[PDB]
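Just so it is clear, none of the values below were taken in a lab; they were calculated from the coordinates. With ideal geometry, Cβ positions are generated from the backbone for all residues, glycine too; neighbour counts draw on all protein chains shown.
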Amino acid sequence: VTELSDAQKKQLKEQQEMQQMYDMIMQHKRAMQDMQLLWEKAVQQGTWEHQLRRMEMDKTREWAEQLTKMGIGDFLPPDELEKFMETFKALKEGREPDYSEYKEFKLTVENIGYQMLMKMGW
Amino acid sequence: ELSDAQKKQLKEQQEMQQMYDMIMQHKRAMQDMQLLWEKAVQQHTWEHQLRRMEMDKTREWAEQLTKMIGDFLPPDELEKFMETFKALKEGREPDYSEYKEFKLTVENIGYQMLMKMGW
């Protein structure tokens, strides 16, 4: 976009990085609905549920990896940050964390995402 | 004297702010009880009632959101939610991870409805 004042350049980047933050939230939200439906019919039929969960785990990592390039210690106390980074690391290296630690992690990126959004729209 | 259009704009706006504020207030009360719990485990149980009344405020947050819910959880996640909501209502103590997944879920539920209003 052409000849923007330093003012205008700033209001546009704010509006745009706020909108893509929203979009990323809706596309992650939507992705998870997609996996849910597949599980829900997978039972409407052994290892199906293992790869569904492993695929869901891959989606949540890339959701997390998206989140980091929008900005992380901002949002967590120290105890929860290293548990956080252990899981992230584990998912990043293709190993499959403990199912309740992964669920703690899914919810925490979701949570941080919403917190980032609301710190833009307010 | 405001139009319908105008009259409903503010009550929308007021209700958005009404619960944004409601979120920050609960948010800062968790930040408060974390810090007290932090220095409670520095010196050394005092750690425990600190966990206990933290739990008893998240159960209050939940209680306050619901007054304004299966709209956010598939039935699997929904029942694990309701069991652990019940246990805190009855002074039980769920195992830590169960309570964690509960605190995070209600937090996300509050974030979600503030969004339906704002977007």
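Among the numbered conditions (1) surrounded by 12 or more Cβ atoms within 10 Å (Cβ to Cβ); (2) in contact with a helix residue (DSSP H, G or I) (Cβ under 9 Å, 6 or more places away or on another chain); (3) closer than 27 Å to A:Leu76 by Cβ, the only one that B:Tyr96 does not meet is (1). Do you know which of the residues in the stretch B:10-41 that are of a type in the set (S, T, N, Q) and closer than 14 Å to A:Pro77 by Cα is farthest from the chain's Cα centre (by Cα)? Looking at the filtered set, the residue picked out is B:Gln34.
Being surrounded by fewer than 12 Cβ atoms within 10 Å (Cβ to Cβ), within 14 Å of chain A (Cβ to nearest Cβ) and either hydrophobic (A, V, I, L, M, F, W, C) or not in a helix (DSSP H, G or I) (or both) is a property that holds for B:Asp71. Criterion applied to A:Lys29, A:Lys9, A:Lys13 was being out of contact with any strand residue (DSSP E or B) (no Cβ under 9 Å at 6 or more places or on another chain), away from chain B (no Cβ under 14 Å) and within 29 Å of B:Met113 (Cβ to Cβ), and the one residue passing it is A:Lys13.
Within the stretch B:85-113, the residues that satisfy the criterion of being of a type in the set (A, V, I, L, M), under 24 Å from A:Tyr114 (Cα atoms) and either more than 7 Å from every other protein chain (Cβ to nearest Cβ) or not in a helix (DSSP H, G or I) (or both) are B:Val106, B:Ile109, B:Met113. Of the residues making up the stretch B:33-67, those that are part of a helix (DSSP H, G or I), more than 14 Å from chain A (Cβ to nearest Cβ) and either farther than 16 Å from B:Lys103 by Cα or touching a strand residue (DSSP E or B) at 6+ places or on another chain (Cβ under 7 Å) (or both) are B:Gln43, B:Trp46, B:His48, B:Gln49, B:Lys67.
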